[PDB]
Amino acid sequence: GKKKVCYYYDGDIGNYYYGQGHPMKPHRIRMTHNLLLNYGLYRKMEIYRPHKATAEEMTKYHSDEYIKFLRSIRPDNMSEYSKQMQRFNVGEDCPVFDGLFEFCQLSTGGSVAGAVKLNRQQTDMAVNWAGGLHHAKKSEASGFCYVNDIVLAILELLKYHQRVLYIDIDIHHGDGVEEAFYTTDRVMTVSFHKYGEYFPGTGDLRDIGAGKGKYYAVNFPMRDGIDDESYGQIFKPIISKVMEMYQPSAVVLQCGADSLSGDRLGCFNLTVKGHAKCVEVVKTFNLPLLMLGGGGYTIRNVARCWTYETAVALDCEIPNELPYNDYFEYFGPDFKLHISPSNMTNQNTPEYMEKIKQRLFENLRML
């Protein structure tokens, strides 16, 4: 039936700034929040402010040296940390900005708090749109991600769940989460992403895990222009097969919105309905679910996507006419919640989609 939803948000998150021209805009989390408050969704869910995750919490995965560096580095002392910055991959893609460590603490606090709430059976679904920073590595920042809140949230879930399923619908391969759990069968990682001359360069369908983790890493590489119909015809069958074979007792769904049509960095052609169809599919399995954010660089579309996905999590129909909000002008010229796909060519032929699905089904038979 309808589910209890716990949502994590800190009013300060929107003030963190990556720098002039950087595509990652934490302000998009504030726009999402303001939009869902104006739709009245606060009436249907419990809103929590996450705690700031500590160094102890972060070192359940990350190295002590890397976390000590993140806690120390500031724009005023960068000159003294030149060598350290290069070692930890902090610089241009992952800049040093005012309050960087606090931003990591808030993003992580929401994911970990959500996992705790699910473990305690106090909620059916936990939502943290400030989370989903899937590229961060044990001792290195990557692709705008510094602390891997997902890996930390999964490790929390593993205290009470023998098998955890991770699903990543961000346009980028969730390399950091895959790497952390590559040699274990206690976490199955499933990533759908653009592959071929595209960041981070990983996620080939032949990357299937290693040792005890062999067959517990699933990658669906895609080309430019995938649309709602093509994505929907592959997502439901793959996830259904994964659920049948793997039988997880908890799920983590990374909802990176950069897979939408018109994204600044992405080259997919999904609409908000096409993207949210994934949430709907995962929700039908009735398992404890942690929903996270991630990418999304055309910020009006990110707010639309995550507001609709929160409404989907709540089983609450919301009108297409956007209600007035603090960021109403960002939603012009239509002021509608839903988006139209572009006329871009879908390079993912129906035969290519079926072939990759068939190849992944062969791997799933090995479970």
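When you see a residue number, it is the position in the sequence shown, counting from 1.
Two stretches are in play, 304-312 and 61-69, and the higher mean C-alpha B-factor belongs to 61-69. A summary of the deposited B-factors shows that, of 27-35 and 41-49, the stretch with the larger mean C-alpha value is 41-49.
When the C-alpha B-factors of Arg264, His193, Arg74, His135 are ranked from the entry, the top spot goes to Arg74. Out of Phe181, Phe101, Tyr81, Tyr297, the entry records its largest CA B-factor for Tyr81. In the PDB entry, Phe235 places in the lowest third of its chain by CA B-factor. Sort the modelled residues of the chain by CA B factor and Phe88 lands in the highest third.
Looking at the C-alpha B-factors along this chain, the one for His161 belongs to the highest third.
Sorting the modelled residues of the chain by their CA temperature factor places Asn219 in the lowest third. Among the modelled residues of its chain, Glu197 has a C-alpha B-factor that falls in the highest third according to the deposited record.
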